[PDB]
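Visitor: My structure is in upload.txt, and what it holds is compact mmCIF, C-alpha atoms:
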```txt
# COMPACT_ATOMS: atom_id res chain seq x y z
CA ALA A 106 120.71 151.92 56.49
CA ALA A 107 124.18 152.75 57.83
CA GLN A 108 124.84 154.83 60.96
CA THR A 109 128.37 156.23 60.79
CA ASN A 110 130.37 156.72 64.02
CA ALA A 111 127.95 154.48 65.93
CA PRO A 112 128.83 152.98 69.33
CA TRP A 113 131.07 149.93 69.08
CA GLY A 114 128.31 147.64 70.33
CA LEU A 115 126.01 148.53 67.43
CA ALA A 116 128.69 148.11 64.77
CA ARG A 117 129.73 144.76 66.29
CA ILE A 118 126.27 143.20 65.84
CA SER A 119 126.45 144.09 62.12
CA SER A 120 130.11 143.08 61.68
CA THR A 121 131.77 139.70 61.28
CA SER A 122 134.92 141.33 62.70
CA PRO A 123 135.74 143.78 65.51
CA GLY A 124 137.32 147.20 65.18
CA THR A 125 134.63 148.78 62.98
CA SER A 126 132.48 151.79 63.83
CA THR A 127 129.56 151.60 61.38
CA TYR A 128 126.20 150.02 62.19
CA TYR A 129 124.33 148.39 59.30
CA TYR A 130 120.69 147.34 59.49
CA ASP A 131 117.56 146.99 57.40
CA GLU A 132 115.61 150.24 57.44
CA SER A 133 112.67 148.48 59.11
CA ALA A 134 114.51 148.81 62.45
CA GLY A 135 111.88 147.05 64.54
CA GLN A 136 108.91 149.04 63.23
CA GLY A 137 105.86 147.25 64.65
CA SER A 138 107.60 145.32 67.44
CA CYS A 139 107.49 146.08 71.17
CA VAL A 140 110.20 145.76 73.83
CA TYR A 141 109.33 146.04 77.51
CA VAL A 142 112.21 147.23 79.71
CA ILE A 143 111.73 145.86 83.25
CA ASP A 144 114.23 147.99 85.16
CA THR A 145 114.24 151.26 87.12
CA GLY A 146 112.18 153.25 84.59
CA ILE A 147 112.62 155.05 81.25
CA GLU A 148 113.02 158.82 80.79
CA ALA A 149 110.43 158.98 78.02
CA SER A 150 111.06 162.70 77.38
CA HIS A 151 114.62 162.11 76.13
CA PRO A 152 114.88 163.38 72.53
CA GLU A 153 116.71 160.17 71.61
CA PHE A 154 113.47 158.18 72.02
CA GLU A 155 111.48 160.36 69.58
CA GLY A 156 108.31 159.84 71.60
CA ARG A 157 108.53 156.06 71.13
CA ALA A 158 109.05 155.44 74.87
CA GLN A 159 106.44 155.52 77.63
CA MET A 160 105.95 154.20 81.17
CA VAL A 161 103.16 151.62 81.49
CA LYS A 162 103.69 150.42 85.08
CA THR A 163 105.36 151.33 88.36
CA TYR A 164 105.34 149.76 91.82
CA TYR A 165 106.70 152.82 93.67
CA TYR A 166 105.66 156.43 94.29
CA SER A 167 106.82 157.52 90.80
CA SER A 168 107.35 155.97 87.39
CA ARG A 169 110.31 158.37 86.99
CA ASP A 170 113.72 156.74 86.53
CA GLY A 171 115.67 158.51 89.23
CA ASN A 172 118.51 156.02 88.67
CA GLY A 173 119.38 156.10 84.97
CA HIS A 174 119.96 152.35 84.58
CA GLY A 175 116.67 151.67 82.82
CA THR A 176 117.15 154.77 80.68
CA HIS A 177 120.53 153.47 79.47
CA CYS A 178 119.13 150.02 78.69
CA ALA A 179 116.10 151.40 76.84
CA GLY A 180 118.41 153.57 74.73
CA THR A 181 120.36 150.47 73.71
CA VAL A 182 117.18 148.65 72.63
CA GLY A 183 115.66 151.33 70.42
CA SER A 184 116.91 154.91 70.60
CA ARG A 185 117.86 156.74 67.42
CA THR A 186 121.63 156.97 68.03
CA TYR A 187 122.45 154.18 70.52
CA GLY A 188 119.60 151.77 69.73
CA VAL A 189 119.47 148.49 67.85
CA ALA A 190 115.81 148.65 66.75
CA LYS A 191 115.54 152.38 66.06
CA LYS A 192 111.76 152.18 65.27
CA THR A 193 110.37 149.89 68.00
CA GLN A 194 107.99 150.78 70.83
CA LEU A 195 109.57 151.02 74.29
CA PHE A 196 107.48 150.20 77.37
CA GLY A 197 108.76 150.82 80.89
CA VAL A 198 108.04 148.60 83.88
CA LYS A 199 109.69 150.06 87.00
CA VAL A 200 110.23 147.15 89.39
CA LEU A 201 113.49 148.48 90.85
CA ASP A 202 113.58 151.67 92.90
CA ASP A 203 115.95 154.55 92.22
CA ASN A 204 118.74 152.63 94.00
CA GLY A 205 118.46 149.85 91.39
CA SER A 206 117.14 147.35 93.94
CA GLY A 207 113.76 145.74 94.43
CA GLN A 208 111.98 142.85 96.09
CA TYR A 209 111.75 139.55 94.24
CA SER A 210 107.95 139.67 94.47
CA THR A 211 107.95 143.14 92.91
CA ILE A 212 110.03 141.70 90.06
CA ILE A 213 107.72 138.68 89.76
CA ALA A 214 104.67 140.95 89.67
CA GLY A 215 106.34 142.93 86.90
CA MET A 216 106.94 139.86 84.76
CA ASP A 217 103.30 138.81 85.13
CA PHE A 218 102.18 142.33 84.19
CA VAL A 219 103.99 142.16 80.84
CA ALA A 220 102.46 138.80 79.89
CA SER A 221 99.02 140.45 80.20
CA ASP A 222 99.76 144.04 79.12
CA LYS A 223 100.94 142.87 75.69
CA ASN A 224 97.25 142.37 74.89
CA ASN A 225 96.78 146.09 75.66
CA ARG A 226 99.45 147.14 73.13
CA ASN A 227 99.70 147.01 69.32
CA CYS A 228 102.65 144.78 68.36
CA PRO A 229 101.84 143.02 65.07
CA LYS A 230 105.51 141.95 64.88
CA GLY A 231 105.71 140.43 68.37
CA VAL A 232 106.72 141.35 71.91
CA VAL A 233 110.22 141.42 73.44
CA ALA A 234 111.22 141.79 77.09
CA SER A 235 114.63 142.87 78.44
CA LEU A 236 115.36 141.94 82.07
CA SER A 237 118.63 143.70 82.89
CA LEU A 238 118.37 142.79 86.57
CA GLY A 239 119.16 139.85 88.82
CA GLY A 240 119.99 138.38 92.20
CA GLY A 241 120.48 134.99 93.82
CA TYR A 242 118.83 131.81 92.64
CA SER A 243 115.06 131.65 93.09
CA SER A 244 112.76 129.02 91.61
CA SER A 245 109.89 131.52 91.80
CA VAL A 246 111.77 134.25 89.94
CA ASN A 247 112.76 131.56 87.42
CA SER A 248 109.23 130.23 86.93
CA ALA A 249 107.92 133.75 86.29
CA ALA A 250 110.52 134.37 83.59
CA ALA A 251 109.32 131.11 82.02
CA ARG A 252 105.70 132.30 82.26
CA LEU A 253 106.67 135.48 80.43
CA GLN A 254 108.37 133.37 77.75
CA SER A 255 105.43 130.97 77.43
CA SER A 256 102.88 133.77 77.00
CA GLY A 257 104.53 134.83 73.73
CA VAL A 258 107.30 137.28 74.66
CA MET A 259 111.02 136.82 74.12
CA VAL A 260 112.67 137.09 77.53
CA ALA A 261 116.30 138.23 77.49
CA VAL A 262 118.03 138.31 80.88
CA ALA A 263 121.46 139.42 82.08
CA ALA A 264 123.84 136.61 83.01
CA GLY A 265 125.05 138.52 86.07
CA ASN A 266 128.11 140.57 86.96
CA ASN A 267 129.70 138.03 89.31
CA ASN A 268 132.36 136.17 87.23
CA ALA A 269 130.89 132.79 88.12
CA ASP A 270 128.44 130.20 86.85
CA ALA A 271 125.04 131.77 86.18
CA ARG A 272 123.36 128.63 87.57
CA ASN A 273 123.19 130.21 91.06
CA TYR A 274 121.44 133.36 89.84
CA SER A 275 117.90 134.21 88.77
CA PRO A 276 116.31 134.67 86.37
CA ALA A 277 119.62 134.02 84.61
CA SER A 278 119.32 130.28 85.36
CA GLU A 279 115.96 129.81 83.62
CA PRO A 280 116.55 127.47 80.63
CA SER A 281 113.60 128.68 78.52
CA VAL A 282 114.61 132.39 78.50
CA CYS A 283 117.71 133.82 76.77
CA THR A 284 120.73 134.33 79.05
CA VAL A 285 123.13 136.95 77.67
CA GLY A 286 126.79 137.42 78.59
CA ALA A 287 128.97 140.47 78.08
CA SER A 288 131.99 141.16 75.86
CA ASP A 289 134.32 144.07 75.10
CA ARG A 290 135.46 145.81 71.92
CA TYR A 291 138.36 143.36 71.46
CA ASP A 292 136.10 140.26 71.39
CA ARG A 293 137.02 139.14 74.92
CA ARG A 294 134.68 138.03 77.68
CA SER A 295 134.10 140.84 80.16
CA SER A 296 136.03 140.23 83.38
CA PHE A 297 132.73 140.49 85.28
CA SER A 298 130.59 138.53 82.81
CA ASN A 299 129.05 135.28 84.04
CA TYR A 300 129.39 131.98 82.17
CA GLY A 301 128.01 128.45 82.29
CA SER A 302 125.92 126.04 80.27
CA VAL A 303 122.85 128.22 80.86
CA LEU A 304 124.20 131.12 78.78
CA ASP A 305 122.80 131.25 75.25
CA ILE A 306 124.52 134.24 73.60
CA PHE A 307 127.03 137.03 74.20
CA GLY A 308 126.43 140.71 73.59
CA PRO A 309 128.43 143.93 73.78
CA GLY A 310 128.50 144.79 77.47
CA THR A 311 131.75 146.63 78.27
CA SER A 312 131.87 150.43 77.85
CA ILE A 313 128.41 150.69 76.33
CA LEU A 314 127.41 154.24 75.38
CA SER A 315 123.67 154.94 75.61
CA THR A 316 121.10 157.43 76.89
CA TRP A 317 121.07 158.61 80.50
CA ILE A 318 118.62 160.54 82.67
CA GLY A 319 118.62 164.33 82.52
CA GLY A 320 118.75 164.29 78.73
CA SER A 321 122.37 163.10 78.86
CA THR A 322 124.45 160.07 77.85
CA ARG A 323 127.21 158.04 79.48
CA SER A 324 129.24 154.84 79.07
CA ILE A 325 128.83 151.98 81.55
CA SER A 326 129.76 148.30 81.66
CA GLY A 327 127.77 145.24 82.68
CA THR A 328 125.89 142.20 81.49
CA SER A 329 122.84 144.43 81.90
CA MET A 330 124.25 146.43 78.95
CA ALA A 331 124.50 143.39 76.63
CA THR A 332 120.94 142.17 77.25
CA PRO A 333 119.31 145.18 75.50
CA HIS A 334 121.55 144.37 72.52
CA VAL A 335 119.91 140.95 72.17
CA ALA A 336 116.43 142.17 73.15
CA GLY A 337 116.66 144.88 70.50
CA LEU A 338 118.15 142.50 67.94
CA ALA A 339 115.22 140.09 68.30
CA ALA A 340 112.68 142.90 67.86
CA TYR A 341 114.64 143.79 64.73
CA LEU A 342 114.69 140.13 63.65
CA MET A 343 110.98 139.58 64.36
CA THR A 344 110.01 142.70 62.38
CA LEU A 345 111.85 141.38 59.32
CA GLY A 346 109.98 138.10 59.83
CA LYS A 347 113.07 135.93 60.30
CA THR A 348 111.90 134.48 63.61
CA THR A 349 109.27 134.44 66.36
CA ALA A 350 109.37 135.21 70.10
CA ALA A 351 109.52 131.50 70.99
CA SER A 352 112.34 130.77 68.51
CA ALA A 353 114.24 134.07 68.67
CA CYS A 354 116.94 132.99 71.13
CA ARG A 355 117.51 129.81 69.10
CA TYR A 356 117.66 131.80 65.85
CA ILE A 357 120.03 134.44 67.26
CA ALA A 358 122.37 131.66 68.47
CA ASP A 359 122.09 129.98 65.05
CA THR A 360 123.17 133.05 63.05
CA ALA A 361 125.80 134.25 65.53
CA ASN A 362 129.55 134.80 65.25
CA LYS A 363 130.82 131.35 66.20
CA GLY A 364 134.11 130.95 68.04
CA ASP A 365 135.33 134.56 67.92
CA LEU A 366 135.44 135.35 71.66
CA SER A 367 138.42 134.80 73.96
CA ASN A 368 138.53 133.73 77.61
CA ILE A 369 135.33 131.71 77.28
CA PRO A 370 135.42 128.98 79.98
CA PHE A 371 135.11 125.38 78.82
CA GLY A 372 131.51 124.27 78.37
CA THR A 373 130.26 127.83 77.78
CA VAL A 374 128.89 128.82 74.38
CA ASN A 375 131.13 130.93 72.13
CA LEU A 376 128.46 132.89 70.25
CA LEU A 377 128.32 136.65 69.64
CA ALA A 378 125.04 138.30 68.64
CA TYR A 379 125.04 139.13 64.93
CA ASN A 380 122.27 140.66 62.82
CA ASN A 381 123.42 138.96 59.58
CA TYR A 382 122.44 142.07 57.62
CA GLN A 383 123.84 142.31 54.08
CA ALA A 384 123.71 145.82 52.62
```
What would you get if you wrote out this structure as structure tokens?
Guide:
Amino acid sequence: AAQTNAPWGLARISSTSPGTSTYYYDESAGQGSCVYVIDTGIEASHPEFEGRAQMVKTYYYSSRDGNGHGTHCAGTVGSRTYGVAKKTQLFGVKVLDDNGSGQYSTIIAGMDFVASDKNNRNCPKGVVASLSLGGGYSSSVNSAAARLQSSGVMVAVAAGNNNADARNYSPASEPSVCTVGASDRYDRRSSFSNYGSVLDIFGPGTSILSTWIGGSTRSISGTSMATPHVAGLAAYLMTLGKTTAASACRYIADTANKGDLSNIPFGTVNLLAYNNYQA
């Protein structure tokens, strides 16, 4: 398939070069795979989701995304126009309130919920998790990301929007999950994007156009906008049968666009997420 006039982030994961605006992908599009979005919630009634999105857990008075952050990220994973895996199943886990904040224990409880709830869902192509959140370092927020990875779910986490080493931030500093940086349309590291030897891949994170609450759309920047690119890509890659949850982050970094990004600090990986699709 080929989506014309797609967002630049989608075309860039199907392009060996920047400056294009066409997204190419196998027509499978993550049919049979599942991606949990552990954020502020997903507006499941958005027409862009085509009834493929639904809220499975909340830790507050409502599972409604009164923020819009989780709705944007879910639209980048698998919506029809702004999504990578346009046929996946989207599950919402609201661990952050409508201000985008939440207690570490609420986040830890959400990661444990996904490692069990995947046995309540039908995902014959595997389970993906996108954690577009983060705070300071915590060995207990790290160990729970590793538990979610060990259960059988690919865990993709934002590197952080601090312009620093992601070693002082969780769960970005967990070595078994997949730490994702951000880039812009000119193949440069986002001025806010974190770096370090813990990063495993870079995704489109600057000026990302996706769904928004109220049935609307908007463009926002952040490493939390490049994680759903990799989370959706893996669901796409697992549906084709190229890789598994445990080896997705190693496969994505093996088929990536090597050495194309500028302003990558020394010792940080220069790899851009690439779907390797040949039409």
Visitor: Excluding residue 167 (chain A) and residues on its chain fewer than 6 positions from it, collect all residues at most 10 Å away from it, counting all atoms listed in the file, and give them as an NGL selection string.
Guide: :A and (146 or 199 or 202-203)
Visitor: Using all atoms listed in the file, find all polymer residues with an atom at most 10 Å away from the point (109.8, 127.9, 78.0); report them as a list in words.
Guide: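 It turns out the residues near that spot are residues 248, 250, 251, 252, 253, 254, 255, 256, 257, 259, 260, 279, 280, 281, 282, 283 and 351 of chain A.
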Visitor: When you look at residue 125 (chain A) with a cut-off of 9 Å (counting all atoms listed in the file), what residues show up, excluding the ones that are within fewer than 4 positions of it in the same chain? I need them as a PyMOL selection string.
Guide: chain A and resi 113+116-117+120
Visitor: Taking 3 positions as the minimum chain separation for residues in the same chain, which residues sit within 8 Å of region 169-176 of chain A when counting all atoms listed in the file? Answer as a list in words.
Guide: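 Surrounding residues, per the criterion: residues 142, 143, 144, 145, 146, 147, 148, 179, 180, 199, 202, 203, 204, 205, 316, 317 and 318 of chain A.
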Visitor: Need to verify the contact set: residue 293 (chain A), 12 Å, only C-alpha atoms, exclusion of same-chain residues closer than 3 positions in sequence. Can you return it as a CSV table (one decimal) with C-alpha atoms, in the coordinates of the input?
Guide:
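Contents of the output file part.csv:
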```csv
chain,number,residue,atom,x,y,z
A,123,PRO,CA,135.7,143.8,65.5
A,286,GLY,CA,126.8,137.4,78.6
A,287,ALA,CA,129.0,140.5,78.1
A,288,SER,CA,132.0,141.2,75.9
A,289,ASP,CA,134.3,144.1,75.1
A,290,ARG,CA,135.5,145.8,71.9
A,296,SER,CA,136.0,140.2,83.4
A,297,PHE,CA,132.7,140.5,85.3
A,298,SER,CA,130.6,138.5,82.8
A,307,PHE,CA,127.0,137.0,74.2
A,308,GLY,CA,126.4,140.7,73.6
A,309,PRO,CA,128.4,143.9,73.8
A,310,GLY,CA,128.5,144.8,77.5
A,311,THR,CA,131.8,146.6,78.3
A,364,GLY,CA,134.1,131.0,68.0
A,365,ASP,CA,135.3,134.6,67.9
A,366,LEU,CA,135.4,135.4,71.7
A,367,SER,CA,138.4,134.8,74.0
A,368,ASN,CA,138.5,133.7,77.6
A,369,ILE,CA,135.3,131.7,77.3
A,370,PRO,CA,135.4,129.0,80.0
A,375,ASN,CA,131.1,130.9,72.1
A,376,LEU,CA,128.5,132.9,70.2
A,377,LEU,CA,128.3,136.6,69.6
```
Visitor: Quick one: pull the distance between CA of residue 156 (chain A) and CA of residue 313 (chain A), Å, one decimal.
Guide: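 A separation of 22.6 Å between them.
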Visitor: Using only C-alpha atoms, which of A:198, A:265, A:165, A:295 sits nearest residue 329 (chain A)?
Guide: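 Going through A:198, A:265, A:165, A:295 one by one, the smallest distance to residue 329 (chain A) is for A:265.
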Visitor: Can you tell me, as a count of residues only, what residues are no more than 12 Å from residue 155 (chain A) when counting all atoms listed in the file, ignoring any on the same chain fewer than 2 positions away?
Guide: 20
Visitor: With distances taken over all atoms listed in the file, which of A:178, A:258, A:339, A:201 is nearest to residue 162 (chain A)?
Guide: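 Going through A:178, A:258, A:339, A:201 one by one, the smallest distance to residue 162 (chain A) is for A:201.
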Visitor: Could I get the residues of region 278-354 of chain A with an atom no further than 10 Å from an atom of region 224-232 of chain A, each paired with its nearest atom pair and that distance in Å to one decimal, using all atoms listed in the file, sorted by chain and residue number, as JSON lines?
Guide:
```
{"residue": "A:336", "atom": "CA", "partner": "A:232", "partner_atom": "CA", "distance": 9.8}
{"residue": "A:339", "atom": "CA", "partner": "A:232", "partner_atom": "CA", "distance": 9.3}
{"residue": "A:340", "atom": "CA", "partner": "A:232", "partner_atom": "CA", "distance": 7.4}
{"residue": "A:341", "atom": "CA", "partner": "A:230", "partner_atom": "CA", "distance": 9.3}
{"residue": "A:342", "atom": "CA", "partner": "A:230", "partner_atom": "CA", "distance": 9.4}
{"residue": "A:343", "atom": "CA", "partner": "A:230", "partner_atom": "CA", "distance": 6.0}
{"residue": "A:344", "atom": "CA", "partner": "A:230", "partner_atom": "CA", "distance": 5.2}
{"residue": "A:345", "atom": "CA", "partner": "A:230", "partner_atom": "CA", "distance": 8.5}
{"residue": "A:346", "atom": "CA", "partner": "A:230", "partner_atom": "CA", "distance": 7.8}
{"residue": "A:348", "atom": "CA", "partner": "A:231", "partner_atom": "CA", "distance": 9.8}
{"residue": "A:349", "atom": "CA", "partner": "A:231", "partner_atom": "CA", "distance": 7.3}
{"residue": "A:350", "atom": "CA", "partner": "A:231", "partner_atom": "CA", "distance": 6.6}
```
